[PDB]
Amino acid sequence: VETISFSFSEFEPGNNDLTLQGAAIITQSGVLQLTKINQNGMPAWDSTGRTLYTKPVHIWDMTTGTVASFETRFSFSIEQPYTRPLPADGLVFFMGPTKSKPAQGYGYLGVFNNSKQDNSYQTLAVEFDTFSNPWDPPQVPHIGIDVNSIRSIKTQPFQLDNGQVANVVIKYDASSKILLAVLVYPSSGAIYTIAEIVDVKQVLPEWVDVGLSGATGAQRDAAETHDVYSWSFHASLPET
């Protein structure tokens, strides 16, 4: 069996196991600010940032046909400071081709480049979407399972608890092909779930980079924070 795992109880500046891209920075306090926080302490619009684990993950093997099961957990907080304009745009956990650089921002969350479901993306992602674009369901925010497209194969509306910490658990079982995501707000006790069938060997390349990405809006003050406090990941590829 081939396994890989990491766990950051808090983010460590300078720890090379993580790569920061775009606007992403890690504070001395250990918080990953995916999108820029201005000097005044407020979230900047037109910002896109990501972080990738620096070691590629072997998600499946074409020769043996084996597929890995994996799990990832993280705690994040989104703070929407203004009543108007509408906040944006969201944050997301993604898995895709190695050596990737940030893609388009805004509604594409730094992961996609359009609203097409293109197999060439070879990307799987679980989004926490705060702005309703033309391809989105009207309810925001919502959790979404994205398979080679920003247009989610399934969505689940959830109520934001402004500025509070949400705990996320995402798990993929290769035998059942079930991808599940759960969001819990300790503050209110709210629990949300979403799941769908995803055959990773039909979507992802054999080796992938895993990461987190966040993006704020296309107009002044159409923004919110996209802070992450912790992040763990584990994958196991059976020999079979």
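Residue numbers run from 1 along the displayed sequence.
A summary of the deposited B-factors shows that, of 120-128 and 97-105, the stretch with the larger mean C-alpha value is 97-105. As the entry records it, the average C-alpha temperature factor is higher for 60-68, out of 60-68 and 197-205.
Per-chain ranking of the deposited C-alpha B factor places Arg50 in the lowest third.
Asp227: CA B factor in the middle third of modelled residues in this chain (values from the PDB entry).
In the PDB entry, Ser115 places in the highest third of its chain by CA B-factor.
Among the modelled residues of its chain, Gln33 has a C-alpha B-factor that falls in the lowest third, as given in the PDB entry.
In the deposited entry, the Cα temperature factor of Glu79 places it in the middle third of its chain's modelled residues.
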